[PDB]
Each structure stands twice: as structure tokens, then as C-alpha cells.
Amino acid sequence: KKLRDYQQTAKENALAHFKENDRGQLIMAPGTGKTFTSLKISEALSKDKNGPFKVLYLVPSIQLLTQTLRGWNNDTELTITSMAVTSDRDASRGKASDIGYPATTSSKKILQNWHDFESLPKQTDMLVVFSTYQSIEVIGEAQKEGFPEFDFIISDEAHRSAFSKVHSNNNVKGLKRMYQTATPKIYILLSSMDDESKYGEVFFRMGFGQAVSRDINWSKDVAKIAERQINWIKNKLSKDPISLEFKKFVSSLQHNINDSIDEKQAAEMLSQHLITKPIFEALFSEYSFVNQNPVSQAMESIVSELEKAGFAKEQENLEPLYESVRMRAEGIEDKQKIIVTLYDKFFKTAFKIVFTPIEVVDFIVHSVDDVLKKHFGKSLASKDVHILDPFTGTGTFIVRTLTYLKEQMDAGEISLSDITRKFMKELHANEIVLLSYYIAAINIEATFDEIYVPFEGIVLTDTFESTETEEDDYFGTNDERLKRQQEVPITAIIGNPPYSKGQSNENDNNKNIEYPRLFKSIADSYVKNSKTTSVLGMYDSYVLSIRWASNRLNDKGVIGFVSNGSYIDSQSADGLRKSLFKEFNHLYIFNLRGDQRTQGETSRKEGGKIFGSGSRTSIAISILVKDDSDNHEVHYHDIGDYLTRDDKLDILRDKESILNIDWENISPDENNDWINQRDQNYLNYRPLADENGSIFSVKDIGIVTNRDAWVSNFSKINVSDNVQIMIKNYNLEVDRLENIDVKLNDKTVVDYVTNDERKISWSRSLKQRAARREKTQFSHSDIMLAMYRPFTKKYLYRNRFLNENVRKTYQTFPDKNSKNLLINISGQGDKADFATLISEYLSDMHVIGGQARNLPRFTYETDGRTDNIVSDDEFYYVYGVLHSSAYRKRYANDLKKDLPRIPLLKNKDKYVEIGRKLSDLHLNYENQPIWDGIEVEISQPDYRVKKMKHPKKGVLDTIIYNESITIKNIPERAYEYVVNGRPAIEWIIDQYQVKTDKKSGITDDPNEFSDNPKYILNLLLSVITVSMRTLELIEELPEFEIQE
DNA sequence: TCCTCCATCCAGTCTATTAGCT
DNA sequence: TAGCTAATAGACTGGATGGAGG
């Protein structure tokens, strides 16, 4: 016979596979006949070997053994000598009789039989021993007795205790092992052929669905095929005009989105297209989504010139996935149901976006619609109203918009003729991601079929880069949809703009793209109106989105967004609030809270996260109304404390629009603050620093090393060691840069350096010194003590090099033997309540909250002790006042939003007294007489800590120091003393705990700090009484009154 | 130009508890 | 079973980085 075409393929793949490997599987439907193909494969290896070629064909049943023995000799092109092993003599027959050496179970007979075969005057081409799995051991009994190895071994019906003996050479000596079945999966799941280091990879596969089509969530292979695609390009790139055309394809892509894209990124984008194209075709069934779409066509075009060049789609391995889709999408909102799944099953896993809650999306649509109605008199469906969704994602903000229209049409207020034009001409949206674009298109196209029409209004772009520059084409039809869009007077901008303020440093791949023309817009508006000088947040993507939309909007229109709600009350957003109040007439701000970068009570008050695990930021819905008017007013509502994620959504389903919300009329103040407005009388109080007649001449803010795991630690020795590793690692990168002379820069250097966070913790400044050739010495003298957290003092390598921000610490603590007092305070915009803690040592920025200011008692000079304040009495007076409950409560807003101001109080000398005591207590926090009721049970003297805990949640009576020591009868009120938002006692639990740095793998063990095994236990106990004592003292200081 | 240094807000990820599994 | 793994609920960090002023 002549081997069928796909059999040739299998033969080819087999040979190619066994060229490097020694194990392979062969999957075919029962119909084709793998038995014949196996012979033809065996022949090819026989051709190559140039000697007697030995094959072992293992088989379960007796019927198969005879069907293969006979059927092979008939189909054999070669000279074949056959061997049967079995307890049935008749099993080696065909009519015919004794076909090959007779069947036998006698190993000595099987061994001597091969001696015969060798004794022949002439040996045939290949020797095929057909055997049962049951008696396979006789082969082992033969190969031991003097039988040769097997050049090839074949297991048929491979889904199968001697059945498992084959895999190891120890049982049967053989060079290569092929596995053939039609069903590696046994029907739960009992048996599956997944190598197990035995079955091996598969070089060929045939689906039953294929053959019928051929006329006869586990996907890691997408990597394999893509790696083949991506690599073959870069190779062929190398002056092959394809490179000239593909380098033209990237430039076209670069045009439509970013210079960010290049050979790698662009090639990756086409990979994803090749994979999903058949899925989209399969989904469509009758009418091709691919042929219609511009990007598809643009992608389905560029493939051609490469397809011409001896490059195919390597997705033959992916065909069973395609078949499942073809089955799943045959015939058939039941189609949208598939779109839900395929996304979650395939796409989520395959290549690895934020899913916007429907209750949110619907809310602004109604809100935008009712706004268009009440104000302009117009509506959502008018001819001269255009709607843009600049960050479509999956087109959720369109899908739910046309659904609103559908509800309107059923109510009869709308004509489908009024809908159709919107879908066609008046609805626009765009995405920056390939897969998000496709899915977004379909989902609108499909949800429009409710009443086949492609969506004409979708682009694939970076809306920010759109208005940047105005200057050969691929995708030329794509931007045409956008070019024609750009003349539209867009009356409404809608959606969920991106949130991004930056990164953590060594994720260099991530850094907010520079949009120079938009930054300048931000710079002249939001940044200009600010009083801050630190405006990082104003270049956050969501603030860019408001800017870009504010520009792209027309004088008569509206915006509706779900965004980061930080700008509502934020230090660096005072300018943005000044702008929005001028640039807009009516602004409804719906604060959804849900900020979980807080902690403690604040965290509980914030509550549910609107995007769940999607975002940790404060969320708020903003609808900005723009008309011609002399009227300017803010409308604000706090959704309320403590609400769950779905409690908040229950309100969004309940209230579909901003018409039904009880708004608060807000008149912004001098500081452009909408909420938590300050007291203008508070300004009469004596300034603390930076003004005339201020109490302190100089204030500092806590240190920020930017690499705590390396530079700070409980063990002084560990700091010395760890710092030296990094300094060595850093000076090596420099030595590398030394002998590769270029014009290096503070950012370009990234490509020539390590990026491994187990080696170096890069920061901006450190990169700058690597752009130059700068080395360092390790100065052991620079290792000193510092307050890292309240009542937690670690060792710190304070070094201008390797510390991103050393602040004024060299003025307040010139060396590790210096003597100074500083009053740490919560700084400028903490959400937690205001607190203060005095320190005898250098203080981190996070001693209190996220940004901590400190007020030194002394400043030093190297040319020099200098009084930074008049007297000790004045110093401790300040410390006394900052503890006043009335003071803290009366001006919570001024304490949050700016540096404190101290008034002159009626019983001042009393404030000094308690000021001193409080200081005396908080400095000696680590050794204090234990409180009365407390008891300490110690089984054995194990004073080492792993992690302190309460036996159950919120039992404040007890703390398990470890599995030996426990502390009981702790007064529950001691937890009322709070620094930041956390009790002092809980800081010890939190801080004095064994943990490792996930990034660097640097361990930090608090037991290595103190030399005294009872330090932490002593510290804990003391802090409890410090807590109790502090509260007593806070209750002693006088009634809050003015004017001494 | 580029460096020094003030200033401020961050589109989840880890651990702990409870319920299952052979 | 003893003591794991899986499902579910709870808790909440260190640092990047624009721009004034050299």
C-alpha cells in the first residue's frame, strides 16, 4: 500500500522527533489505522541503521497480536522476520502456518531462536518481535540470557503490573520508545497520558473531529508556538525586504499607538492575532468577523508577505482547541454566554485588565442621560450628540449604553431608527490592547444584533497620543475612523479611565509614557494652581484622562467617569479642584470610598472596594457638566462609612441616577478645599516653623532610604554584611560599564545593568551614579541606630550614597554618637488621626504614617551645637499641647492638611509639666514597671519570637509571646493609646516579628537586635504601661482655653 | 545640563481561619 | 486516624518621582 498523506506527516514528525529525543507518543483516531503507519515508521529507521533492525511491538489482547503480525507482513515493503511470544502456538499463523518463528513463552527458546537468525547465511532487514504485555518479563529473561537491545519499542493501546514495566530500561533494553493509542484519556479522570517523565512528548496528533473535517483550560503550548513565531521573525529580520515591510508594519503600529512598540512587542501582537483568528472565525460560523475588520485585515495582510517567505502558522498543535470552539459555537444572549466563558477560560490563562461593575457603569449612563435632559433639554439619542469612550476596554460602557437605548425603545420613547444611527455614526470608542479591541468590537456588534451589522465607531489607539502629534500606511483605514471622529463635537465622554501614578522602581518595563503636549496642559492648569511643589499625582493617568477629556470636550457637554477619588481631598490636588470649579459649571462628586491603603479604624470606615481585588484606591464617580453659564457649584455625597462592596452596589442598583442622591452644596474655601475645610482662626496660632516668630527655626522630615531591606535591619551585623553585598554588586556593574564606553544616561543605563533585586535595589539617584562611573566604599562607621517605627528602633546604614533621601539628618544627627531630641509628628495629609512621638534617635519617614515631619531640639555644624528652639520649657510645651485631646479634636483638619500651629494656652506651665513626663516616659519606653493586673506565664526559658498573637480575634486580655510564654490580664484600655492608626502594643506585635523580604530574600530577625534575650518581652510589657501611663497624662493636662 | 532635595500618594497581595481530603 | 491541602475571610507597605533651586 501507499501511506496516506497525514501518515507521511506522522512519519516525518516521528523521524524529526526521534532525531533528538528517545520517547514520543502517536495519537490517531481508530479509523486511520496507526498499525500500518507504525510499520512505515519502523521502515524509515530500518533504512537508516544498516544492520538487522530490532522492533518490539507490545500489545494487550491476543486478537490484536495476530492482527498485527499478519497485517504487517502483508503491508511490508521490506524484508521482515517476525517473532511471536505467547502461550498459544496457533497465535503465530495465518491459508498459512508458522508465519515467522513460532510463538513461545520459553525465553531459552526465544534466545536460541535469535542465535538461529544470526546463524543464517543472510539476515532480513528488520526483526519485529510481537509480544503481549502480560509475558513481557520473558524478554527481560531473554535480554539477560543473551538477547540484543531493541532499536525501537512500540506500545499499542498505550493507555496502560507488567503493563507498566516497559517504561524503564531496567525491565527491557531499548533505545527508542514510541507510544500509540487513539485515547490517552480514560473516562472523573483515572488515566491520562501526560508523560510522567515516561510517555514523553507527542510528535503527532489526530482528532476525530479533524478526520471528519479532513474528509476522512490547560494551554501552555501557546508559549511554544509563539516562541517559534517570535523567534523566526527576529532571525529573518537580520536585508530581506520582509524586514523592510515588517519594519514598515511596526512603524504603522507605532503610528497608531506608541513608539513604545518595537520588533519584539509588535511581533508579539501579531502572535496573539494568529492564535485567536481561528477562534473568531469559529465563533462567527456564517459571517466572518476577520475579513470585515480593519485591524484583522491589517493583520491578515501583513501575514501574507511573511507567509510568502516560507513561514507558516505553527498552530497545528492547537487544532483540538479550535475544534472545541467550533463545536461550542455551532448554531445557537446564549452567544454572549460563550463570550463570557472563552474570556475566563482561554484568554485569562493564555497570555497574561479590570472588569468594571455593571451597577457602576449603568449609574453614570442614567446620570449622563438625565443630565443631558434636565440641563440642555437635549438627550442621549439626539443627532447632534456624540459619545466617546476613550478607554473602551471590553466596551462595557457601550454595551450597557445601547442596552439603555433598548429599554428606552421598549418604553417607546425612542425610535430604533434613532438607535441605528448612533451605533453607526454617533458612537465612538477605542482601546490600546489588541485582544481588548476585538472583544470590545464583537460585544457591541453582538449586543446590537438584539435589534449582522459591524460596529463602525471603534478604533485601536492611545487617545493620549492622538492629540500629541499630527505626523506610508498600514491600518490606514483604522485611524480613518478616528480621523473622521476628530472633527466631531463630542458632547459626552464616558468610561473608566486608567489609574497609574508610577511603579516600584525595578519594574522598568512600567513607567508612565511621556505625552509632552498633554503634560504641558496639566502643567499650565492643575500644577500651576497648586501650592504644593510636589505634584506627582497630577500626572496620574486618571488625572491625564480628565485633562484630555476636558480638552476634547466642547463648551456644551458632559463627562462621566469612575476614577480614583483621591483628588476630592488631597494635598497636591488643590489646583485640580481650583480648575474643575472654573472649567465646569455643575460637578456632582460621588465618593464611593473603599481606600484600602489605609489601616485600622480608617480601613474599617472605608469599607468595600468597588473593583474588589482590582483596585485598592479610593473610588469616586464624577460627572462634570459643561455649559455656558456664570453658575459654578459643587455637589458632593459621601456614600457613608463601613459599607460592604455590595452594600455600595445595592445602592447603585437601587439608585440608578444622580437625580435620586441627596447632594450637599459645597462652597470651596481659600485653600480650594471641598471637604474637611480648615479653621481660619487657627491661623492666629503661633506657627511651628518656616515663618516669622515661629517656635522652631528649622523642621525636617523623616528619612527615606528607598531600600530598607538592604540598608536597615534589627541586627547591626546583618546591616554591615548586607550592605557590603550590594556595594560589591554595584561596583561590579560599574566595572562592567567602564569597559563598554558609551554616552550613558540615568535611564538608558537600565539596558546595561542587572535588574535582579536579589543583587541591587535600584533607585533613581543610584542609577544616575551608574550613568556616570561612580563607586563607593563601605563605611562601617555609618551604621547607626534609628527609629524605624514607633517604639521600634532598628540599625540603619545612613549613607548619602545608598540612601535616596537622607534629609537634614546630618544636621540633626551628624554621627552615630550624636545627641539630639526630635518630636516626630504625622505629616501633611495622613488620613489617620494626628499623633506625635518623641525620639532620641534618627527617625524614618514612617515612624508616624506615610509622611512624618520631625522638629529637632538641636542643629549641628561642621566647619557646632545650635538651639533650634528657645528653651526646653518651650520644647516640652509644644509636646504637651500636641497631646491635648481638645486640640486634636477641634482642628483635625488643620493637623491633617498642614504643619501644626501652637496656641498660647491658659494653664501653660501645666502643659510643660506633662510635656516633660510624657517625654520622659516615651524615651524610656523599653523599660517600665509592669502594670498591676498583668501576669507572665513562662513554661521554659525560650525567649525567641516568631510571631506574637492574640489567641482569638480581638481578645486584648492575652498575648502569646511564643509557644512557651504568654501574657494575661492586659488592660483592654491600653489599646486606646494610638500612634498613627495603630495601638502602641500592636506595633510591637507587628514589628517585633520574624519575616523575610520577598524581593531580596533578606531576613530580618528582631531577636538579634538587643543581646538580652528578654529585651522584646521587657519591651512589650513596658509599652503596655507606657500606654496606660500616657492616657492618664493626657487626662491630666488642663482644660483647653486661650490667652494664658 | 544635570544635580540636590523637598514633598506626597500609590488599579493587590499576603497571612489567618475554617472546612475538607485520604 | 493525623496532619496535611483547599476554600474562605481578614489585614494593610515601603518608595517613586515632578519640579524649585542651584
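- Structure determination for this entry is recorded as X-ray crystallography, at 2.840 Å resolution.

1. Quick word on the UniProt feature "coiled-coil region" (unreviewed entry) in chain A
Thought 1: Feature annotation in UniProt assigns "coiled-coil region" (unreviewed entry) to the following positions: residues 720-747.
Thought 2: Secondary structure content for residues 720-747 is 68% helix and 0% strand, while the C-alpha to C-alpha distance between its ends is 29 Å.

2. Some words on the sheet that holds strand β8 (residues 387-389)
Thought 1: Ordered in space as β10-β9-β8-β11-β12-β14-β13-β15-β16, the nine strands form an open sheet in which the pairing is mixed. The outermost strands of the open sheet, each flanked by one partner alone, are β10 (458-460) and β16 (664-666). Strand-to-strand twist across the sheet, computed as the mean angle between neighbouring axes with direction ignored, equals 20°.
Thought 2: The sheet contact formed by strand β11 (residues 492-495) and strand β12 (residues 557-564) spans four bridges and is parallel. In the sheet register, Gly-495 faces β12, and the bridge partner there is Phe-561.
Thought 3: Its contacts with the sheet put helix α14 (residues 358-376) on β11, β12, β13 (586-593) and β14 (619-626), and the angle it makes with β12 is roughly 155°.
Thought 4: Contacts from helix α19 (residues 476-483) reach β9 (427-431) and β10, with the element oriented near 125° to β10.

3. Regarding the domain arrangement of chain A
Thought 1: Domain assignment breaks chain A into domain 1 (5-213), domain 2 (221-350), domain 3 (379-490), domain 4 (516-666), domain 5 (700-901) and domain 6 (935-1036).
Thought 2: Using only C-alpha atoms to locate each centre, domain 2 and domain 6 end up separated by 57 Å.

4. A short note on the packing of helix α9 (residues 263-284) against helix α12 (residues 319-328)
Thought 1: The N-to-C vectors of α9 and α12 enclose an angle of 25°; their axes lie 8 Å apart at closest approach. Comparing their axes, α12 and α9 come out roughly parallel. Crossing of α9 against α12: the hand is right-handed. Between α9 and α12, the contacting residues are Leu-274, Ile-275, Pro-278, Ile-279, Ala-282 and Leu-283 on the first element and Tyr-322, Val-325 and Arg-326 on the second.

5. Comments concerning helix α11 (residues 294-307)
Thought 1: Look at α11: 19 Å from first C-alpha to last across 14 residues, which is about the 20 Å you get at 1.5 Å a residue.
Thought 2: The residue sitting at the N-terminus of α11 and contributing the capping side-chain oxygen is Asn-293; that oxygen lies 2.6 Å from the backbone nitrogen of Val-295.

6. Observations regarding the sheet that holds strand β18 (residues 700-701)
Strand pairs in the sheet, formed through backbone hydrogen bonds, run parallel or antiparallel to each other.
Thought 1: Taken in spatial order, the four strands make up an open sheet running β18-β25-β22-β23, and their pairing is antiparallel. Looking at the sheet topology across the chains shown, the edges are occupied by β18 and β23 (836-839).
Thought 2: The sheet contact formed by strand β22 (residues 822-826) and strand β25 (residues 852-856) spans five bridges and is antiparallel. What sits directly across from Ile-825, in β25, is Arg-853.
Thought 3: Lying over the sheet, helix α29 (residues 872-881) contacts β22, β23 and β25, oriented at roughly 145° with respect to β23.

7. Description of the pattern of salt bridges
Thought 1: Two residues, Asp-569 and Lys-896, come together in a salt bridge whose shortest N-O distance is 2.9 Å.
Thought 2: Across the salt bridge formed by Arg-789 and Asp-844, the nearest N and O atoms sit 3.3 Å from each other. You can see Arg-789 sitting in strand β20 (residues 783-789) and its partner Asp-844 sitting in the loop between β24 (842-843) and β25, a full 55 residues away along the chain.
Thought 3: Each of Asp-569, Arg-577, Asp-673, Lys-896 and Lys-897 takes part in a single network of salt bridges with overlapping partners.

8. Focus on the pairing of β14
Thought 1: Bridging between β12 and β14 involves eight bridges; their strand directions are antiparallel. When the sheet's bridge partners are listed, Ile-559 is paired in β14 with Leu-624.
Thought 2: Bridge count for β13 against β14 is seven bridges, and the pairing is antiparallel. In the strand pairing of β14, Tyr-588 is matched with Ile-623.

9. Here's the deal with the packing of aromatic side chains
For any pair of aromatic rings, geometry is given as the distance between the ring centres together with the angle between the planes.
Thought 1: With 5.9 Å between their ring centres and 65° between their planes, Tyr-437 and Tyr-438 make a pair best called edge-to-face.
Thought 2: Each ring, one from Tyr-887 and one from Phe-1040, has its centre 6.4 Å from the other, and the planes form 55°; the classification is tilted. Of this pair, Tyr-887 sits in helix α30 (residues 885-890) while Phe-1040 sits in the segment after α34 (1015-1036); the two residues are 153 residues apart in sequence, bridging distant segments of the chain.
Thought 3: What links up through ring pairs into an aromatic cluster is the set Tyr-682, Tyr-685, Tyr-887, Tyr-891 and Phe-1040.
Thought 4: Against the face of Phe-801 rests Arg-769, its NZ or CZ located 4.9 Å from the ring centre.
Thought 5: One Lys or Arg, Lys-794, reaches over the ring of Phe-714 and ends 4.8 Å from the middle of that ring.

10. Things to note about helix α7 (residues 221-237)
Given 3.6 residues to a turn, an α-helix orients residues that are three or four positions apart in the same direction.
Thought 1: Its 17 residues give α7 an end-to-end C-alpha distance of 24 Å, which sits within 8% of 24 Å, the value for a rise of 1.5 Å per residue.
Thought 2: Two residues or fewer past α7, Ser-238 is found with a positive phi of approximately 50°.

11. Quick notes on the environment of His-922
Thought 1: Checked against the element boundaries, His-922 lands in helix α32 (residues 908-923).
Thought 2: With 104 residues separating them along the chain, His-922 and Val-1026 place their C-alpha atoms 7.1 Å apart.
Thought 3: Beyond its immediate sequence surroundings of up to four residues, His-922 is in contact with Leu-837, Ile-838, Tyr-879, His-883, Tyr-977, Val-1026 and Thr-1030.
Thought 4: Only 3.0 Å separates the side chain of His-922 from the side chain of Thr-1030, close enough to count as a polar contact.

12. Observations regarding the environment of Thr-532
Thought 1: Relative to the assigned elements, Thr-532 resides in the loop between α20 (516-527) and α21 (541-552).
Thought 2: Sequence separation between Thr-532 and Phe-791 is 259 residues; the distance between their C-alpha atoms is 31 Å.
Thought 3: Engagement of the side chain of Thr-532 in a polar contact is seen with the backbone oxygen of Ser-534, the distance being 3.2 Å.

13. Topic: the packing of α9 against α11
Thought 1: The geometry of α9 relative to α11 is characterised by a closest axis approach of 10 Å and an angle of 100° between their N-to-C directions. By the angle between their axes, α9 is roughly perpendicular relative to α11. Contacts between α9 and α11 involve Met-269, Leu-270, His-273 and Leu-274 from the first element and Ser-296, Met-299, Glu-300, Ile-302 and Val-303 from the second.

14. Notes on unusual backbone geometry
Thought 1: Positive phi outside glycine occurs at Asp-215, with the angle close to 75°.
Thought 2: Locating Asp-215 in the fold gives a position in the loop between α6 (208-213) and α7.
Thought 3: Positive phi values are uncommon outside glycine, yet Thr-533 reaches one of about 75°.
Thought 4: Tracing the chain through its elements places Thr-533 in the loop between α20 and α21.

15. Focus on the environment of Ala-492
Thought 1: For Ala-492, the location among the structural elements is in strand β11.
Thought 2: Not counting chain neighbours up to four residues away, the residues in contact with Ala-492 comprise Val-368, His-386, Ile-387, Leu-388, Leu-553 and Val-558.

About the criteria used
Each chain carries its own residue count, running from 1 in the order of its written sequence; this scheme can depart from the entry numbering, and residues that have no coordinates do not appear. Think of it this way: whatever chain is written first is A, whatever ligand is written first is 1, and the rest follow in order. Side-chain numbers here rest on the full set of heavy atoms in the structure, without hydrogens or water. Residues with missing side-chain atoms are left out of burial classes, side-chain pairs and their counts. UniProt positions are given in the numbering used here, feature names are shortened, and annotations may be inferred rather than shown by experiment. The numbering of helices and of strands both runs from the N terminus, where a helix is a DSSP run of H or I of at least 4 residues and a strand a run of E of at least 2. A strand pair is defined by DSSP finding two or more bridges across the two strands. For helices, the fitted axis covers only the stretch in contact; all axes are lines through C-alpha atoms, and the angles between them, taken along N-to-C directions, range from 0 to 180 degrees. Only heavy atoms matter for contacts: two residues are in contact if any of them lie within 4.5 Å across the pair. Residue ranges labeled as domains rest on an automatic or database domain assignment. An angle below 35 degrees is treated as roughly parallel, one above 145 as roughly antiparallel, one from 65 to 115 as roughly perpendicular, and anything else as oblique. The crossing is said to be left-handed when, going from far helix to near helix, the turn is anticlockwise and less than a right angle, and right-handed when the turn is clockwise. In this analysis, the expected span of each helix is defined as 1.5 Å times one less than the number of residues it contains. Pairs of N or O atoms are called polar contacts if they sit within 3.5 Å, as long as, within protein, a hydrogen donor faces a hydrogen acceptor (for residues adjacent in sequence, only side-chain-to-side-chain pairs). Here, a salt bridge means any side-chain nitrogen of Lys or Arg that lies within 4 Å of a carboxyl oxygen of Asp or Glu. We call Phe, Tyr and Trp rings a pair once their centres come within 6.5 Å, taking the six-membered ring for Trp, and we label the pair stacked below 30 degrees between planes, edge-to-face above 60, and tilted otherwise. Ring-over charges, as used throughout, are those where CZ of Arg or NZ of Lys falls within 6 Å of the ring centre and within 35 degrees of the ring normal.

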